[PDB]
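Below is one structure, written out as structure tokens; comments come after it.
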There are 2 protein chains.
Amino acid sequence: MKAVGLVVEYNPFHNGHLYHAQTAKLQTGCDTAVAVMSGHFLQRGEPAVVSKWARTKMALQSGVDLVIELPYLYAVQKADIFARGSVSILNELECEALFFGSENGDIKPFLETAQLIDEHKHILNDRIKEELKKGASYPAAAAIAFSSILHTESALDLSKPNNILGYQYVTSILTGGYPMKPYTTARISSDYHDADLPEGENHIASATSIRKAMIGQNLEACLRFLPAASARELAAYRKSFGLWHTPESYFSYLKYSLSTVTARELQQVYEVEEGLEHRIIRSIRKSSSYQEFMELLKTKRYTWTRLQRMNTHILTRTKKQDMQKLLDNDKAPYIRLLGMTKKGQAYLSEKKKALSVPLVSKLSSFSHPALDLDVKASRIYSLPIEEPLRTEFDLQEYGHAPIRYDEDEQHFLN
Amino acid sequence: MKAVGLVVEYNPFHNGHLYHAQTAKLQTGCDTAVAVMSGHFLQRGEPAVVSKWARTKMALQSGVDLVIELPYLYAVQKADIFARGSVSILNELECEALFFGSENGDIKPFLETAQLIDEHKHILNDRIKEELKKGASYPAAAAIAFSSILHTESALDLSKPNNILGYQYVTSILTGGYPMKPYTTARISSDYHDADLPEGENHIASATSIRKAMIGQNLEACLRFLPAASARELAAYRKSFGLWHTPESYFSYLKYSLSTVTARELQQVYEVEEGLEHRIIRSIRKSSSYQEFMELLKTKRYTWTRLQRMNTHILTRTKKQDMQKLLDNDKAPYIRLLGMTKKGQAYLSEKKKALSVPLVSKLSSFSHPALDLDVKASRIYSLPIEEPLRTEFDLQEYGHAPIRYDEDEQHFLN
């Protein structure tokens, strides 16, 4: 029984992702598609628009057989640590194939580059060395070492971060020695991100264009870009807990978070750079908005995205020592199963005995510091939900089973 | 030149808060009324229904010459600490008299009791001891030990806790050798707590009945119960920031605060007794209301006001060791000047040099952990206010000059 993995956050799930799952199985010749999805707070630092549980229900109907949660430990991180864990999870699950998105359909550039840098790394450390002692910044010296090699017609823009993402999968597979073949195909249209929604033809709009369309109070505008499942579930969550989640929703709790902190204690928050505690605390007070806050904070060392990531850790109150101890784990501490089809179920029961870490269906079954971090995330995730809807959502973390979908038509059994 | 001491939570300042002030200058013969006031978080643990800045104005126009903030430190406390600290500040301001309302107008049973109890303080600890190791609970031992002496038809009911407070004021003065002469006058009508607004004639309903009348969206139902000062001040507050501050309006921040905190962290919070913190995090997740939360919370070791104080310390993340740090001192950490009238000015001018501790108006002038706490507490107060009315509000603590009013009619010079 043969499976192909996907690294995702379905934010929301739409026709492109649906297309991914279709191509993936096809292109790799695997009957089973296993995704590792960012749960409530995603790689770029923001909150998911809708519960990871609802986003699961969408995937299972659109051709995803297993949905495993990508632990917060690995989810809110820049690409390299992100890819490390998710690929390790997809490796834990014995995926022979890995399917990722990019500008190209050509896996070769991804493969060949990964090797070159793997091959040259000693030079690159040492050529950084030479530059750094000329007084260059680290990222400058990096750019210099990295430009002495790699600058050629080989191209493959190493900022197009499907492309940025992909490099890091192959990297992690190769330095991890996974019996796993990476696959990729070109994407189609809306930009990478931004823009808006197209003219027709299920045109596969971006998750962002679709996001700010919902928040922007058109759920119909994005219809043509959402599978039957997606629209049905999105409105159903919006009816349920009465909100569309955005980063903006949590600003009050980020404001609160920094009211109750000591600057000494804030330096112990993950991704809070030394001394930044002051810029952080100085700014929050004069800040009405998430935006302005970022504005006052924004530095050269910090892109918007890393700040957002940081702000998330401030929000969940994740400590540098929490993190460092959990990252030094070489593999995922557990496999958290959000949902399964009958195919994934079977694949699982076929593969369960050989999982070197627990298979977590119900939370009662297991405890681990990285899971605590996953559960806390959920708690904070729900804050914008007005009571007692919040409290009712709060139950969705524990007693919630793997969501099991029936591909022979349409039964969620619970 | 003389001043009479007044310890107050104006929530809001009402027809009976105006009565006491006159009778203060009336009965004491002190030309100057000094009000030491808890600013944003009060003795039973509640937030003030309006900021300390507005309530200062209600009093400055009702015949109170000086408004001093009672630090959170003393303010959010049990009665014996509360009095200890508040009498402490009035003494540094050299009010020759202290004036406090009771159920009676009779300070004699107070002075009797206090001096009675101090005489027997060795006898008390002995029967407490004798009853305690006889297998009695502490309060039972306390209750029993006290009943054998001084219990008689001489009364002074010590649950009508005007008296509880008054006794502690009285006790504070003796025990500190303060040259403060106490006085007291009875309360007429609406209950003690709760009830309703009476049928007219400035009848002075309880502040509680007014809050519940305001909570129930009637300012005007209480109009005969409020001076013009205090009525109009409430209008502007609501009009500016869009709310009255209610305990549930802080409920969302309790769930956040309790969602990020470990059991050992929560153990370190002031008025969380050892072993309770698990019950706390247990109850908060399944409680869709502050009210629901409280019912799961109540043990016999805990009074419902003591439970409310704890929620606030939990809210402000105030720790035991810090508390013991600041409670350890026998004297006031600083004098925080909220507001004054002309007469008020004159008093301060006279006795400022006599002040043994810093006189703070602009927060620039002095810095201190006890003050860092007062600031934090205000920074927590405005959270229910909707942005950007929240960031405007927060600007006050620093920027605000001490309020200045002209007794001779109607001028805030500012």
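By order in the structure tokens, chains are A, B, ...; within a chain, residues start at 1; ligands start at 1, following the order shown.
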Running DSSP on the backbone, which parts of segment 137-300 of chain B land in helix (DSSP H, G or I), as number ranges by chain? B: 138-147, 162-176, 207-215, 220-225, 228-241, 247-259, 263-267, 277-286, 290-297
Would you mind exporting C-alpha atoms of the selected residues as a compact mmCIF listing (two decimals), in the first residue's frame?
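See out_1.txt below for the written result:
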```txt
# COMPACT_ATOMS: atom_id res chain seq x y z
CA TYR B 138 -8.90 27.99 62.21
CA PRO B 139 -11.99 30.20 61.82
CA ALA B 140 -13.88 28.00 64.26
CA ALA B 141 -10.99 28.40 66.67
CA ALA B 142 -10.89 32.08 65.88
CA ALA B 143 -14.64 32.41 66.32
CA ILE B 144 -14.70 30.42 69.52
CA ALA B 145 -11.69 32.11 71.09
CA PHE B 146 -13.20 35.53 70.44
CA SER B 147 -16.70 34.66 71.66
CA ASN B 162 -18.83 48.87 58.03
CA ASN B 163 -17.71 47.83 61.45
CA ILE B 164 -15.20 45.31 60.12
CA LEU B 165 -13.52 48.12 58.24
CA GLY B 166 -14.04 50.68 60.99
CA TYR B 167 -12.58 48.35 63.57
CA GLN B 168 -9.56 47.90 61.33
CA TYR B 169 -9.17 51.65 60.89
CA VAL B 170 -9.46 51.98 64.64
CA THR B 171 -7.09 49.07 65.16
CA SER B 172 -4.65 50.54 62.64
CA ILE B 173 -4.51 53.85 64.49
CA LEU B 174 -3.88 52.31 67.92
CA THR B 175 -1.38 49.78 66.63
CA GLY B 176 0.55 52.48 64.77
CA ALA B 207 -23.84 52.18 45.35
CA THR B 208 -24.49 48.57 44.51
CA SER B 209 -28.16 49.27 43.80
CA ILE B 210 -26.96 52.12 41.61
CA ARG B 211 -24.46 49.94 39.75
CA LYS B 212 -27.11 47.29 39.15
CA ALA B 213 -29.37 50.16 38.13
CA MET B 214 -26.62 51.35 35.77
CA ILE B 215 -25.64 47.80 34.81
CA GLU B 220 -31.44 58.35 35.06
CA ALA B 221 -33.20 56.00 37.45
CA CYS B 222 -30.46 56.98 39.91
CA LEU B 223 -30.59 60.75 39.29
CA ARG B 224 -32.00 61.61 42.70
CA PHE B 225 -29.21 59.45 44.10
CA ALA B 228 -24.78 66.61 39.37
CA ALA B 229 -21.01 66.19 39.47
CA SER B 230 -21.21 62.44 39.54
CA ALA B 231 -24.06 62.11 37.08
CA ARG B 232 -22.44 64.12 34.31
CA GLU B 233 -19.06 62.49 34.83
CA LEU B 234 -20.53 59.10 34.10
CA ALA B 235 -22.16 60.38 30.93
CA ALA B 236 -18.84 61.62 29.55
CA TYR B 237 -17.04 58.39 30.49
CA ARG B 238 -19.48 56.10 28.72
CA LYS B 239 -19.74 58.57 25.84
CA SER B 240 -15.96 58.59 25.45
CA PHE B 241 -14.99 54.94 25.88
CA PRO B 247 -16.27 41.82 35.85
CA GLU B 248 -17.48 39.76 32.86
CA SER B 249 -15.98 42.36 30.55
CA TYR B 250 -12.69 41.11 31.90
CA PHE B 251 -13.72 37.45 31.55
CA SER B 252 -12.09 36.93 28.17
CA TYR B 253 -8.71 37.96 29.58
CA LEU B 254 -9.01 35.46 32.43
CA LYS B 255 -9.34 32.60 29.99
CA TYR B 256 -6.39 33.83 27.99
CA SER B 257 -4.26 34.39 31.08
CA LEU B 258 -5.22 30.99 32.45
CA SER B 259 -4.70 29.31 29.06
CA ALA B 263 0.31 25.01 37.24
CA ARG B 264 3.58 26.00 38.90
CA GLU B 265 3.32 29.51 37.46
CA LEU B 266 -0.28 29.76 38.67
CA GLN B 267 0.92 28.48 42.02
CA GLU B 277 -4.28 26.05 40.70
CA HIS B 278 -5.33 22.76 39.11
CA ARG B 279 -8.93 23.37 40.04
CA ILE B 280 -8.49 26.80 38.45
CA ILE B 281 -7.32 25.79 35.01
CA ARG B 282 -9.78 22.91 35.20
CA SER B 283 -12.74 25.23 35.84
CA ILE B 284 -11.82 28.05 33.46
CA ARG B 285 -11.96 25.95 30.30
CA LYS B 286 -15.46 24.62 30.97
CA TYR B 290 -17.31 34.35 35.16
CA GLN B 291 -20.35 33.32 37.26
CA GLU B 292 -20.06 29.69 36.18
CA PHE B 293 -16.37 29.92 36.83
CA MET B 294 -16.92 31.13 40.40
CA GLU B 295 -19.30 28.34 41.41
CA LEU B 296 -16.75 25.70 40.48
CA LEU B 297 -14.24 27.74 42.41
```
Report as CSV: every residue of chain A with an atom at most 10 Å from chain B, its closest pair of atoms, and their distance in Å to one decimal, counting only C-alpha atoms, with rows sorted by chain and ascending residue number.
```
residue,atom,partner,partner_atom,distance
A:251,CA,B:387,CA,9.9
A:252,CA,B:383,CA,7.0
A:253,CA,B:253,CA,7.2
A:254,CA,B:256,CA,10.0
A:255,CA,B:383,CA,8.2
A:256,CA,B:380,CA,7.1
A:257,CA,B:257,CA,8.0
A:258,CA,B:379,CA,10.0
A:259,CA,B:376,CA,6.4
A:260,CA,B:317,CA,6.2
A:261,CA,B:317,CA,8.5
A:284,CA,B:391,CA,9.3
A:285,CA,B:391,CA,7.0
A:286,CA,B:391,CA,6.4
A:287,CA,B:391,CA,6.7
A:288,CA,B:388,CA,5.3
A:289,CA,B:387,CA,8.0
A:315,CA,B:260,CA,8.5
A:316,CA,B:260,CA,6.1
A:317,CA,B:260,CA,6.3
A:318,CA,B:260,CA,8.7
A:373,CA,B:260,CA,9.5
A:375,CA,B:259,CA,9.4
A:376,CA,B:259,CA,6.4
A:377,CA,B:260,CA,8.8
A:378,CA,B:259,CA,9.4
A:379,CA,B:259,CA,6.2
A:380,CA,B:256,CA,6.2
A:381,CA,B:256,CA,9.6
A:382,CA,B:256,CA,9.4
A:383,CA,B:252,CA,6.9
A:384,CA,B:252,CA,8.6
A:385,CA,B:252,CA,9.6
A:386,CA,B:252,CA,8.8
A:387,CA,B:288,CA,5.9
A:388,CA,B:288,CA,4.9
A:389,CA,B:288,CA,8.1
A:390,CA,B:288,CA,7.6
A:391,CA,B:288,CA,5.5
A:392,CA,B:286,CA,8.1
A:394,CA,B:285,CA,6.8
A:395,CA,B:286,CA,8.1
```
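For chain B and chain A, which have identical sequences, superposing all Cα atoms of the second on the first gives an RMSD of 0.5 Å.
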Taking the backbone alone, and naming residues the way the document does, which bits of segment 3-208 of chain B are strand (DSSP E) by DSSP, as a tab-separated table (two decimals) with N, CA and C atoms, in the first residue's frame?
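Writing done, so here's selection25.tsv:
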```tsv
chain	number	residue	atom	x	y	z
B	3	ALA	N	-7.00	68.80	58.38
B	3	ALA	CA	-7.65	67.92	57.42
B	3	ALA	C	-8.19	66.67	58.07
B	4	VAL	N	-9.33	66.22	57.56
B	4	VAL	CA	-9.97	65.01	58.06
B	4	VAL	C	-9.74	63.90	57.05
B	5	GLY	N	-9.42	62.70	57.53
B	5	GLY	CA	-9.17	61.59	56.62
B	5	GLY	C	-10.42	60.87	56.14
B	6	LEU	N	-10.43	60.51	54.85
B	6	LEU	CA	-11.55	59.79	54.26
B	6	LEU	C	-11.06	58.66	53.35
B	7	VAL	N	-11.42	57.42	53.68
B	7	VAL	CA	-11.02	56.28	52.86
B	7	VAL	C	-12.18	55.82	52.01
B	8	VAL	N	-11.99	55.74	50.69
B	8	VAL	CA	-13.13	55.59	49.80
B	8	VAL	C	-12.91	54.81	48.52
B	32	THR	N	-10.41	70.63	55.72
B	32	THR	CA	-9.94	69.96	54.51
B	32	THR	C	-10.30	68.48	54.46
B	33	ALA	N	-10.95	68.08	53.37
B	33	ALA	CA	-11.36	66.70	53.18
B	33	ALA	C	-10.38	65.98	52.28
B	34	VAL	N	-9.77	64.92	52.82
B	34	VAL	CA	-8.82	64.09	52.09
B	34	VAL	C	-9.37	62.71	51.81
B	35	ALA	N	-9.45	62.35	50.53
B	35	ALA	CA	-9.95	61.04	50.14
B	35	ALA	C	-8.85	60.16	49.58
B	36	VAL	N	-8.49	59.10	50.28
B	36	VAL	CA	-7.55	58.15	49.71
B	36	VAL	C	-8.44	57.11	49.05
B	37	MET	N	-8.17	56.82	47.78
B	37	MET	CA	-9.11	56.06	46.96
B	37	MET	C	-8.43	54.95	46.14
B	38	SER	N	-9.00	53.75	46.13
B	38	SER	CA	-8.48	52.70	45.24
B	38	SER	C	-8.84	53.11	43.83
B	66	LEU	N	-8.86	66.65	48.62
B	66	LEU	CA	-7.70	65.89	48.18
B	66	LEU	C	-8.04	64.47	47.79
B	67	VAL	N	-7.54	64.04	46.64
B	67	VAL	CA	-7.76	62.66	46.23
B	67	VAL	C	-6.44	61.94	45.99
B	68	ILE	N	-6.15	60.98	46.86
B	68	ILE	CA	-4.92	60.20	46.80
B	68	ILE	C	-5.27	58.81	46.34
B	69	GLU	N	-4.46	58.23	45.47
B	69	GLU	CA	-4.71	56.86	45.08
B	69	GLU	C	-4.21	55.92	46.15
B	70	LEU	N	-5.07	54.99	46.51
B	70	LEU	CA	-4.67	53.86	47.29
B	70	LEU	C	-4.03	52.86	46.35
B	97	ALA	N	-7.71	63.74	61.92
B	97	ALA	CA	-8.87	62.90	62.19
B	97	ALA	C	-9.11	61.90	61.09
B	98	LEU	N	-9.74	60.80	61.47
B	98	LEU	CA	-10.26	59.83	60.52
B	98	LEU	C	-11.77	59.73	60.70
B	99	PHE	N	-12.51	59.73	59.60
B	99	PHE	CA	-13.97	59.65	59.67
B	99	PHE	C	-14.48	58.49	58.81
B	181	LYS	N	-7.65	60.93	65.33
B	181	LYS	CA	-8.89	60.72	66.07
B	181	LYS	C	-10.00	60.31	65.14
B	182	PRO	N	-10.55	59.11	65.36
B	182	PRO	CA	-11.63	58.55	64.56
B	182	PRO	C	-13.00	59.12	64.94
B	183	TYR	N	-13.91	59.11	63.98
B	183	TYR	CA	-15.31	59.47	64.21
B	183	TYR	C	-16.18	58.58	63.35
```
What does the distance from atom CA of residue 408 of chain A to atom CA of residue 100 of chain A come to in Å, to one decimal? 27.6 Å
What does the distance between atom CA of residue 364 of chain A and atom CA of residue 398 of chain A come to in Å, to one decimal place?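 Between atom CA of residue 364 of chain A and atom CA of residue 398 of chain A the gap works out to 7.5 Å.
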For a test of reading the model, state the distance in Å between atom CA of residue 310 of chain B and atom CA of residue 245 of chain B, rounded to one decimal.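 Atom-to-atom, atom CA of residue 310 of chain B and atom CA of residue 245 of chain B are spaced 17.9 Å apart.
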Of the listed residues A:203, A:119, A:76, A:156, that which approaches residue 14 of chain A most closely, counting only C-alpha atoms: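 Nearest to residue 14 of chain A: A:203.
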Could you name the residues that touch segment 44-56 of chain A at 6 Å or less, counting only C-alpha atoms, but leaving out those on the same chain fewer than 3 positions away, as a PDB file with C-alpha atoms, in the first residue's frame?
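Generated output (part.pdb):
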```pdb
ATOM      1  CA  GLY A  39      -3.113  23.347  12.817  1.00  0.00           C
ATOM      2  CA  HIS A  40      -4.266  26.675  14.200  1.00  0.00           C
ATOM      3  CA  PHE A  41      -1.339  28.965  13.541  1.00  0.00           C
ATOM      4  CA  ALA A  59      -9.750  17.868   2.728  1.00  0.00           C
ATOM      5  CA  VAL A  76       5.540  28.387  13.135  1.00  0.00           C
ATOM      6  CA  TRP A 244     -13.887  34.503  10.239  1.00  0.00           C
ATOM      7  CA  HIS A 245     -10.483  34.380  11.980  1.00  0.00           C
ATOM      8  CA  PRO A 247      -4.597  37.960  12.672  1.00  0.00           C
ATOM      9  CA  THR A 305       6.688  37.635   8.531  1.00  0.00           C
ATOM     10  CA  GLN A 308       4.248  37.956  12.955  1.00  0.00           C
ATOM     11  CA  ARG A 309       5.710  34.605  13.939  1.00  0.00           C
TER      12      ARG A 309
END
```
